[PDB]
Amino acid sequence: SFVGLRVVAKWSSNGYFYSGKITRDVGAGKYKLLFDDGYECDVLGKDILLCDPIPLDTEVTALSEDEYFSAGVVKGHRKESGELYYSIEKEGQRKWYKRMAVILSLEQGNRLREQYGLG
């Protein structure tokens, strides 16, 4: 039903939401999450957001090369070679991030639960 869909899902350890796919319904109201970095984890429906892509004007967190966390706003999407990129704005400047370098803080994800939450 929801298996195969791209989602943004909570990693319970640090409370942030990361890009992945529901691979399997595994019962207990849980889904097998394949994260885009290849990490795998069973995640509750309430911790999964079904937005693909993350919409324009969403508040997000960009991961740097150094795994620095920076807040920004989605102002663009681009398909390049079958892959999604996000234009993220901070302080009037925009930078391109691969799909998997865009995450949601606990509060940025919690804020999307009403419209996009699998629940």
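If you superpose the two forms and keep the largest set of C-alpha atoms that fall within 1.5 Å, you have the rigid core. The first residue of the sequence shown is number 1, and the count goes up from there.
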Task: Stretch farther from the shown model on average in 6 other deposited structures of this protein, with CA RMS computed after core superposition (79 to 87, 64 to 72) - done: 64 to 72
- [ ] Quick one: say whether 72 to 80 or 23 to 31 has the higher mean Cα B-factor in the deposited entry.
- [x] 23 to 31
Open item on the list: Which is higher on mean Cα B factor in this entry, 60 to 68 or 32 to 40?
Closed with: 60 to 68
Task: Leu5 - Cα temperature factor, lowest/middle/highest third of chain - done: middle
Task: Ranked C-alpha temperature factor of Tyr18 among modelled chain residues, by third - done: lowest
Task: CA B-factor placement of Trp11, once the chain's modelled residues are sorted into thirds - done: highest
